[PDB]
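Engineer: Below is one structure. I have some questions about it.
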Amino acid sequence: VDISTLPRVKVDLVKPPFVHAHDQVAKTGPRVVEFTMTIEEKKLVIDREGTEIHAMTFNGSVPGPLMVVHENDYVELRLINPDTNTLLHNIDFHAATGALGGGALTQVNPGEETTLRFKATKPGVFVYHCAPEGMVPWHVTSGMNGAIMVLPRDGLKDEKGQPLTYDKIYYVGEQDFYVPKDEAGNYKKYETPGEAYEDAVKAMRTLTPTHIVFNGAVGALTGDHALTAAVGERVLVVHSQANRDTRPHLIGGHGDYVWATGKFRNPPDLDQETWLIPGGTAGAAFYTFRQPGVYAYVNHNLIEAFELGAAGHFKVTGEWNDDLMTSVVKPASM
Amino acid sequence: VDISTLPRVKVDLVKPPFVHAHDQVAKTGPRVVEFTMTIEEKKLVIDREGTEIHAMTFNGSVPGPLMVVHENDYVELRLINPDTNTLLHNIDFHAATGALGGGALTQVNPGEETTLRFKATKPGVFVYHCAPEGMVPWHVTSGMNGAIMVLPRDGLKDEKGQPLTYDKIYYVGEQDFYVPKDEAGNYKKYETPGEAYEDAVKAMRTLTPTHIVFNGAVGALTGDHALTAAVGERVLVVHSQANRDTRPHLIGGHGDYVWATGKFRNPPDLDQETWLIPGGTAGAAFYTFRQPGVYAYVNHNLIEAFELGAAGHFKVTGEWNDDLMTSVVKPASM
Amino acid sequence: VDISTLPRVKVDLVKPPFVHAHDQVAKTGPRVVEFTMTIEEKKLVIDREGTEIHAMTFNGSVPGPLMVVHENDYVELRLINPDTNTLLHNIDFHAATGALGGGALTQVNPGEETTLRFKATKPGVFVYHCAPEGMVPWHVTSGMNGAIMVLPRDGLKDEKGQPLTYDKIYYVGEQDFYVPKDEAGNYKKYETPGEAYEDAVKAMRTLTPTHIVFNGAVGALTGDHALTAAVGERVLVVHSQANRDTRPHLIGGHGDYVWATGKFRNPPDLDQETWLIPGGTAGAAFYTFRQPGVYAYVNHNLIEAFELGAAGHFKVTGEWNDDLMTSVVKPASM
Ligand SMILES: [Cu+2]
Ligand SMILES: [Cu+2]
Ligand SMILES: [Cu+2]
Ligand SMILES: [Cu+2]
Ligand SMILES: [Cu+2]
Ligand SMILES: [Cu+2]
């Protein structure tokens, strides 16, 4: 078809765990959605003791933003690489087709620009990440990854063909950092990434992470940044992982509907206490809360969650329901 | 509803891999089942060379007991913490709802008691484990975990809606121990857990286990403790893992029906040679034997199974069936 | 039944990633297919810097050959152990039944022979591997593993009951090597396996691989050995893993139909960007290409793929389709 006869929309993205405005049901025919992402290389502090790394990011955040479109639409991305950066970057969509998902067409040196249009033909959640030849793990484990959701034209549908509507939608990306440390057990610091490259390769070859974080920082979704909800509300959590397997868990709740691979053509699973999301993919979980309070959202490899920092929080407002769970006898001292 | 108008039952649990008496089909309406578990901190020897650790357990066993109830019943647990113990414990069900699955209501110091009632609303196998704030991985990888099964009111059903009945039911919990060892490669010994806490944290941060055991000891399900069966019998094996992914395998047999996540609302899978059970969940496998002999039950990460101790045995009585598998020519020396 | 009244066929296998001739639809009734595999212990060079190991193989290749049969057929294997070898070997099928999948009947010392007949009763892809008592991980991680496919009698069927036909079929086995290295970081070399056994056990207990390779060598499916195809062709990739979990990914394409556990009785999944294959099992992926060019086939634990060698290539002939993905603006220097 002649795409020049299709409408065009302009969308400017938000910083996670929030998503830009959208509509769960298509109001029009296929359009051409337009995004604009900027690359940024900056130092980050990821834990409490001020460990710093040289992160590379889309729009200056770990992870990148979530782009929501509809099926059979046209995505047109405008990737910009400013001059103060120093490396060659290129994007790669798991939703595109051919040319390494768009990686062979998007190579940009410092101080350059590129546009790319592709068609979103399959519904579901997908992952995008940088991919320069010879430095793929380094770029992707420094923080250059994100997700993209391609809704069906009629919104979600459970396994019985009945519709599904979510009041809120949150996005969580789990990032594993392999920071190199010396013989003294202290993390080493550098000037610019090129110096840290080789000991980064060594640390990665050790094959175990040093940090695992939600939203690029230990505690970034804890305290005053907790994710909020109300009893009876319907929430969709998208969870992405670009390099390592992860197993999300909502301490207190469950998974009402779960796409553990994130592809909406398949029927979902029901009543999941803990599902598995392979490395390099995204998944979706639909849950509607029943009791108020504070929920935890962890990676149920409990060592990673409570020693490397893969834990966030949920604050849900409401009042108790003492039929589901009550304390018959308060903790008593005999 | 007014629960005071519901029957009450008293159940006393057994030591695994055996389950207390129950009925796969509900004979009455919803009841209130009553369990009573006691906490015990004791030294354990987990391998052949007498490596000892400071295990913490429910009812003095690793893992804890399996509690079988029916859907939409009321579970009332009475947790007791004696005075000779020295830590603060609290239980946490993945089947409950709200208050961290019951963890915020069950904190008991040494020499205390607590009751808690909740409603079992979802059918399937779930995991329960200790969870004190700040020592969750330590408590859960010292041995404070177990499972709980919530049958449907009509018993199991395959993917074609036909019933399913098991003659035997066994329960297996896989436990990974990170015992700290010194520079000499020898495992270190202590007085009480508080001393071992910090090197335990270090060993856990190494992120690889030192032992992996079925029923809390290397060889605990081998030799005279092998699990017994007969040709044509129907067995349901429940398998639980609270912290690490595992992949069960029955060398010689298969999986006739498999709930790899352990939720009975979903249809099962068929003819599984090896399924995956994520960390922090339980799964169920229904198998009916055909040939007699000795079967192995391993974790098919063969290194873990045959070097760290994740292997058990099955003794099935009967006589051969030389149509399925025969030796046309005996091993001959040319 | 009396098998002596059934036809007999003779099949001689090929070296992977190619499969011997077969027919996706059964032309006759059940037969007795006859294979003959020879054991070979030889030195291998697995990477670019000439690291050598003492591999043990079926027919002198890593992995072994793929055997394609039909359901309810009779497989008759003739395993031969020559005299220049020095160890005791025995085969073990995950598709057989009883006697450890055939491991208790097939023990052969150097200079011996054995035949074994079993019935292929379940359709799907299965794994076979050596299994001598006490050296199972060593034998299986030195390279003694392969796969076997048991097609249904009517060929494959998608989830809507419609047939499925593949023009090409490729087979890929992922092998993880734990080569022992000294204090200097250099890989140690030996004379014969018996010497290397103990440091091999130590290296395996470290629990992280040193190499991960497709077809037993770094780059073995890259360059002039790339897997070939044409736009619009239909390919079935079988992927096997005997010891460790793996997550295949086709950079640029997708998975049109995926049996992630490899059992054809279950319905497949659709539009998989990355599926998970547990350790000790095989899986199947049906894909039909749309755009030409060079595709990568990686294990999407990107560190393993691009640092340990788990990557292969696809060359597909044809011409572009600028409706699916086009470059609106060539990379421009502002
Ligand atoms: Cu980059
Ligand atoms: Cu990728
Ligand atoms: Cu405890
Ligand atoms: Cu838990
Ligand atoms: Cu062998
Ligand atoms: Cu096996």
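By the numbers in Swiss-Prot, the shown part of chain B spans 45-378.
Header lists the method as electron microscopy, 3.0 Å.
Keep in mind that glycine also has a Cβ here, set from the backbone N, Cα and C atoms.
The Cu cation 1 binding site feature in Swiss-Prot is assigned to B:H133, B:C174, B:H183, B:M188. What Swiss-Prot records for B:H138, B:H173, B:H344 is Cu cation 2 binding site. Residues annotated as domain 'Plastocyanin-like 2' in Swiss-Prot: B:214-378.
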Engineer: Specify all same-chain residues, apart from the site residues B:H133, B:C174, B:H183, B:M188, whose Cβ lies within 8 angstroms of the center of the Cβ atoms of the Cu cation 1 site, ordered by sequence.
Structural biologist: B:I83, B:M100, B:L131, B:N134, B:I135, B:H173, B:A175, B:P176, B:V184, B:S186
Engineer: Measuring Cα to Cα, how far is B:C174 (Cu cation 1 binding site) from B:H138 (Cu cation 2 binding site) in Å?
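Structural biologist: That comes out at 11 Å between the alpha carbons.
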Engineer: Which residues in the same chain, at least 6 apart in sequence, have a Cβ under 8 Å from the Cβ of B:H183 (Cu cation 1 binding site)?
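Structural biologist: In sequence order, B:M100, B:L131, B:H133, B:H173, B:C174, B:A175, B:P176 meet the Cβ cut-off.
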Engineer: To the nearest whole angstrom, state the Cα distance for the pair B:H138 (Cu cation 2 binding site) and B:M188 (Cu cation 1 binding site).
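Structural biologist: Their Cα atoms are separated by 14 Å.
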Engineer: Tell me which binding-site residues (B:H138, B:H173, B:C174, B:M188, B:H344) have a Cβ under 6 A from ligand 3; sequence order is fine.
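Structural biologist: The binding-site residues passing the 6 Å Cβ test are B:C174, B:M188.
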Engineer: Would you list the binding-site residues among B:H133, B:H138, B:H183 that come within less than 8 Å, Cβ to Cβ, of chain A, in the order they occur in the sequence, writing 'none' if nothing qualifies?
Structural biologist: B:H138
Engineer: What subset of the binding-site residues B:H173, B:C174, B:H183, B:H344 has a Cβ positioned less than 8 Å from a Cβ of chain C?
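Structural biologist: Sorted by position along the sequence, the hits are B:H344.
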Engineer: Might you list, by sequence position, any residue in that chain lying six or more from B:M188 (Cu cation 1 binding site) with a Cβ less than 8 Å away from its Cβ?
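Structural biologist: B:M100, B:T101, B:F102, B:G108, B:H133, B:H173, B:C174 - these are the non-local Cβ neighbours of B:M188 (Cu cation 1 binding site), listed in sequence order.
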Engineer: Taking the Cβ of B:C174 (Cu cation 1 binding site) as centre, how many other Cβ atoms lie within 10 Å?
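Structural biologist: Within a 10 Å radius of the Cβ of B:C174 (Cu cation 1 binding site) lie 27 other Cβ atoms.
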Engineer: For B:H173 (Cu cation 2 binding site), just give me the three-state DSSP call.
Structural biologist: strand
Engineer: Check the binding-site residues B:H133, B:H173 for other C-beta atoms within 10 angstroms of each C-beta and report the one with the most.
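Structural biologist: When each Cβ's neighbours within 10 Å are tallied, B:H173 leads.
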Engineer: Can you tell me whether DSSP puts B:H133 (Cu cation 1 binding site) in helix, strand or coil?
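Structural biologist: It is in a strand.
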